[PDB]
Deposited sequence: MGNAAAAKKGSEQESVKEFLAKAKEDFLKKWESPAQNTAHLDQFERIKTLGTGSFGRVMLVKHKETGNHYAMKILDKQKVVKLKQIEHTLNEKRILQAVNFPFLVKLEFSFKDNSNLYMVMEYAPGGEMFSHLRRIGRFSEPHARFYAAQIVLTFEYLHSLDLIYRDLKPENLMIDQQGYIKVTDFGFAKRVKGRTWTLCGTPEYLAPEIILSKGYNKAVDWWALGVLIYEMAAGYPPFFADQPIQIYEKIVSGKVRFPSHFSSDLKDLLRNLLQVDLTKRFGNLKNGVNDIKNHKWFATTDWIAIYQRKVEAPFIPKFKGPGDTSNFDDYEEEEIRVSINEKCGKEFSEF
């Protein structure tokens, strides 16, 4: 049973958490082909293995920058979580290594691109299209939460689309192992639950709120709470007033009202029946949960190898490796 499934998932997770591999490869084994994304977080590049010819998404982190930004713990934790989890909609870490100046996480490449760009390009997704993605997130959170892992950064920008049109969740720098409450202020403005913003001790239910935000944006083409800057966004979020596009179905609106619920005693995913209130909701009546997990549902939309047509362009910058080792002790466990 699904319960029985989660059972084994936990054992395998605890098992892999103890044991994390280090330097399973080296930079000389990869040919950089294109920078797929860059920013404060660092940068991800499409690379091609010089021996097999296979492609991967390599995330490069500048050690001195990570320290400067005080993300040492987060960086070590994402690697640790990544190699310890296993679910069809969670991206996998295939190689990791470091040199004098940088840290490298070589992960599965998602040819389809960022869900973000497709959403902005197309405008909005039809309810069935939105439902197909939503279903994947529900299962992923069911899985993560059973391991006491809170994702804490759900958004179109972190959801990649693979060759079959399914989702690959990326970026676990904010994910945290927590049984009850936690207190760190983190996440993305538009997707923050009210309790996070109010500096209260919160729980995994913030991911469910985020799901509501995600479904709304996918279906409307824009987030439920927006403003010129974070401060104003927070005001609207805590006020909890949401208005739905007229094209939103009665079932979709009901689901969203229960997901975007400030009252934690009433928010779906946080009640006695757990994720079942979501999975059994009218809007998901036609959803075949088992078929989704098994990837037997033909994706509503499906964007040679090494192709990067689905990603945006960024200026290619050097991969400088210093002569002196930098921040050796800080990243000794990486």
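Sequence ranges 1-14, 318-320 have no coordinates in this entry (deposited sequence, numbered from 1, C-alpha basis).
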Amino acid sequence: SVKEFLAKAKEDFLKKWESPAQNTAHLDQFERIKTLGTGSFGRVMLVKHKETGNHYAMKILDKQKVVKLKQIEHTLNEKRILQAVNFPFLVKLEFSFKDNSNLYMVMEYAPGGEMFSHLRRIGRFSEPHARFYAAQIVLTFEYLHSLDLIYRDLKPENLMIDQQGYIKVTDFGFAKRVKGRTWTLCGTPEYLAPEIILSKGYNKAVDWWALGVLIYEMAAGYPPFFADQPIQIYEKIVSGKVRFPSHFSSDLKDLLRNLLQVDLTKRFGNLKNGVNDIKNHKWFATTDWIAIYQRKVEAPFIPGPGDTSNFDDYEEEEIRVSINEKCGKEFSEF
From here on, numbers count along this sequence of modelled residues.
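The deposited model assigns a higher average Cα B-factor to 240-248 than to the other stretch when 152-160 and 240-248 are compared. The PDB entry records a higher mean C-alpha B factor for 293-301 than for its counterpart among 45-53 and 293-301.
Within the selection 287, 35, 280, 270, the deposited Cα B-factor values reach their highest point at 270. In the PDB entry, residue 96 places in the middle third of its chain by CA B-factor.
Ranked by C-alpha B-factor against the other modelled residues of its chain, residue 108 falls in the lowest third. Ranked against the other modelled residues of its chain, the C-alpha B-factor of residue 145 as given in the entry falls in the lowest third.
In the PDB entry, residue 264 places in the highest third of its chain by CA B-factor.
In this PDB entry, the Cα temperature factor of residue 179 sits in the top third of its chain's modelled residues, the highest group.
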